[PDB]
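Structure record follows, encoded as structure tokens.
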Amino acid sequence: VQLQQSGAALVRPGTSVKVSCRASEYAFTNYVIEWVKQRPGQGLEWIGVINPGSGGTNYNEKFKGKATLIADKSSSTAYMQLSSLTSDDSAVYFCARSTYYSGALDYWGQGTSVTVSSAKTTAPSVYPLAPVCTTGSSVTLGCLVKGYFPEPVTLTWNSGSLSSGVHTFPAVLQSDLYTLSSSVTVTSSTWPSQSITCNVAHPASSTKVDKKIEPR
Amino acid sequence: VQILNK
Amino acid sequence: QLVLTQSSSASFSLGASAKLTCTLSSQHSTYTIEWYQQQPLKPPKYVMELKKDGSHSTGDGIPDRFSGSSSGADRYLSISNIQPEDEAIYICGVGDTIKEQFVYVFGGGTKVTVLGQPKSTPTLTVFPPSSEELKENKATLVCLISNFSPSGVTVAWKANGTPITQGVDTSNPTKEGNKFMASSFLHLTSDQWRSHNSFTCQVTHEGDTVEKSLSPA
Ligand SMILES: [Cl-]
Ligand SMILES: [Cl-]
Ligand SMILES: [Cl-]
Ligand SMILES: [Cl-]
Ligand SMILES: [Cl-]
Ligand SMILES: [Cl-]
Ligand SMILES: [Cl-]
């Protein structure tokens, strides 16, 4: 039983966004769909509910004229339109399942991260990081992903074929540019005899780089 | 009374 | 004025008996509420339904150390033998039809800290500026901070013996298994990187200092 939400969205201030919630391995029209905003520090803010058998909707007073909830029985997908966005609308939004008969939000989507910003869309500059001052049966390779906007980036090693010994650290944000770094520990047998790349995809710029880690 | 239906 | 009152924070000793209070508005003192659990970068988890009599229905994947009870407008979530895994924001929710409209209301949530956990001390990976970056007269020093608990850290950089403020950006901590990770970056010119004997990433965590140094030589 799953609620599959649409991907991260970049929205310019004063524009609208539509985010989707697709019902998987249960009967869409037999549960309601509720919509919830993650609050800035802790807690949750109810947006509203769509009754897909009814087309009936109710809203938190605050979201009346701000959110519009739609349900497509044909595609088992619920939609939320949020209108005239400001930075205060930058948040993760969840959809959740509930029965017609009990309050429980028993299953939740994975969330959609909405970024509302005028800041410039900027593909990352990717640099390979060779082992620091090298000898030994194991080596730690690094990848620097400098100055991108917005989130997200997807970073893999050998496009996800190198899964073991990967650590990807949280991004920093300064002047509307993110930076992050990943490391991977590999045997001296594997590298540099084999080509190891850091792969960074930036959906918002439609870019991908595969950066080969080369020995000094 | 709490109304439990949507 | 359907309102759920929760204290913003609660602390409990490891292995102890934890009780959280969610208080209904008086006019709604008889209502059934739901308990939710939220850990960072995960969606909220349904914990249980809890009626005015103390009868409860717990959701999937909720251990049995979790139970619920009631007394008037008060609704309780009890965790016996509190575990590090139970650190989370616990939120109550309540549904009704008011002026002919369904509404769901959340409490403000209770952030639960489990005390008496042994600390994890960070280990450091540092990377110097790549020759590729240095070509552009820019130098980014990388400090990757692994496997610390609890999440609170401060990071400083030194150039030789002297702290560097300008050009330092440090992440928030992110959970990874039962510990936390963070990163810090120091932005320099190529000339600044080449002109100093050493640079140091310095992490303060729970009274401890962890330092790792780089040298352009
Ligand atoms: Cl739209
Ligand atoms: Cl969509
Ligand atoms: Cl808040
Ligand atoms: Cl090397
Ligand atoms: Cl938490
Ligand atoms: Cl844990
Ligand atoms: Cl300097």
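For the structure tokens, the naming scheme is as follows: chains receive sequential letters (A, B, ...) according to their order of presentation, residues are indexed from 1 within each chain, and ligands are indexed from 1 in presentation order.
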
Legend entry - Expected selection as a VMD selection string for ligand 7 within 12 Å, only C-alpha atoms and all ligand atoms: chain C and resid 139 to 141 157 to 168 186 to 200

Go ahead and save the residues from that selection, with C-alpha atoms, as a compact mmCIF listing (two decimals), in the first residue's frame.
```
# COMPACT_ATOMS: atom_id res chain seq x y z
CA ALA C 139 40.15 26.34 -3.47
CA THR C 140 37.43 24.45 -1.55
CA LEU C 141 38.62 22.44 1.52
CA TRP C 157 38.62 26.19 10.59
CA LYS C 158 42.20 27.35 11.33
CA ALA C 159 44.81 28.64 8.81
CA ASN C 160 48.10 27.83 10.64
CA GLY C 161 47.04 28.81 14.24
CA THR C 162 44.47 31.54 13.29
CA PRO C 163 40.66 30.92 13.05
CA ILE C 164 39.06 31.57 9.58
CA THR C 165 35.46 32.99 9.59
CA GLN C 166 35.14 34.16 5.98
CA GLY C 167 34.26 31.43 3.45
CA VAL C 168 33.15 28.70 5.95
CA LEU C 186 36.16 26.37 3.52
CA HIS C 187 36.32 28.54 0.36
CA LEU C 188 39.75 30.13 -0.33
CA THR C 189 41.60 31.64 -3.29
CA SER C 190 44.31 29.41 -4.86
CA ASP C 191 46.87 31.88 -3.42
CA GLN C 192 45.51 31.60 0.17
CA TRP C 193 45.63 27.74 -0.10
CA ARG C 194 49.26 27.71 -1.42
CA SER C 195 50.46 30.50 1.04
CA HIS C 196 49.73 28.65 4.35
CA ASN C 197 51.59 25.67 5.94
CA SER C 198 48.40 23.99 7.24
CA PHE C 199 44.61 24.17 7.43
CA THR C 200 42.54 22.39 10.15
```

Inset, instruction - Write out as a VMD selection string each polymer residue (protein, DNA or RNA) that has an atom no more than 12 Å from ligand 5, with only C-alpha atoms and all ligand atoms counted. - result: (chain A and resid 41 to 43) or (chain C and resid 8 to 11 37 to 42 44 84 to 91 109 to 114 150 to 151 173 to 175)

Legend entry - ligand 4 neighbours within 12 Å using only C-alpha atoms and all ligand atoms, as a count of residues only: 22

Legend entry - Residue hits in chain C, query chain B, radius 9 Å, only C-alpha atoms, as an MDAnalysis selection string: chainID C and resid 28 30:32 95:98 101:103

Legend entry - All strand (DSSP E or B) positions in chain A, as a ChimeraX atom specification: /A:2-5,9-11,17-24,32-38,44-51,56-59,64,67-72,77-82,91-98,107-108,112-116,122,125-129,138-149,154-157,166-168,172-174,177-187,197-202,207-212

Legend entry - Pick from C:106, C:180, C:185, C:46 nearest to ligand 6, counting only C-alpha atoms and all ligand atoms: C:180

Inset, instruction - Pick out the closest residue to chain C from this set: A:81, A:179, A:164, A:99. Count only C-alpha atoms. - result: A:179

Each residue of chain A lying at most 8 Å from chain B should get a row with its shortest atom-to-atom pair and the distance in Å to one decimal, counting only C-alpha atoms; could you produce that, ordered by chain and increasing number, as a tab-separated table?
```
residue	atom	partner	partner_atom	distance
A:32	CA	B:6	CA	7.9
A:51	CA	B:6	CA	7.5
A:100	CA	B:5	CA	5.3
A:101	CA	B:5	CA	4.7
A:102	CA	B:4	CA	5.6
A:103	CA	B:4	CA	6.6
```

Inset, instruction - Excluding residue 45 in chain A and residues on its chain fewer than 4 positions from it, collect all residues at most 7 Å away from it, counting only C-alpha atoms, and give them as a PyMOL selection string. - result: (chain A and resi 36-39) or (chain C and resi 106)

Inset, instruction - Using only C-alpha atoms, determine which residues lie at most 10 Å from residue 63 in chain C, disregarding the query and same-chain residues fewer than 5 positions distant; provide the list as number ranges by chain. - result: C: 47, 58, 79

With N, CA, C and O atoms retained, export the selected residues as an mmCIF file, in the first residue's frame.
```cif
data_model
loop_
_atom_site.group_PDB
_atom_site.id
_atom_site.type_symbol
_atom_site.label_atom_id
_atom_site.label_comp_id
_atom_site.auth_asym_id
_atom_site.auth_seq_id
_atom_site.Cartn_x
_atom_site.Cartn_y
_atom_site.Cartn_z
ATOM 1 N N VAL C 47 0.537 6.028 14.646
ATOM 2 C CA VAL C 47 0.935 5.281 15.874
ATOM 3 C C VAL C 47 -0.313 4.572 16.410
ATOM 4 O O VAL C 47 -0.283 3.321 16.505
ATOM 5 N N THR C 58 -3.550 0.294 17.673
ATOM 6 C CA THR C 58 -2.206 0.739 17.218
ATOM 7 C C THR C 58 -2.008 0.329 15.754
ATOM 8 O O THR C 58 -2.500 -0.743 15.370
ATOM 9 N N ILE C 79 5.179 5.055 26.393
ATOM 10 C CA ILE C 79 6.309 4.237 25.887
ATOM 11 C C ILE C 79 7.023 3.698 27.134
ATOM 12 O O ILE C 79 7.630 4.504 27.906
#
```

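Between CA of residue 183 in chain A and CA of residue 202 in chain A there is a distance of 18.8 Å.
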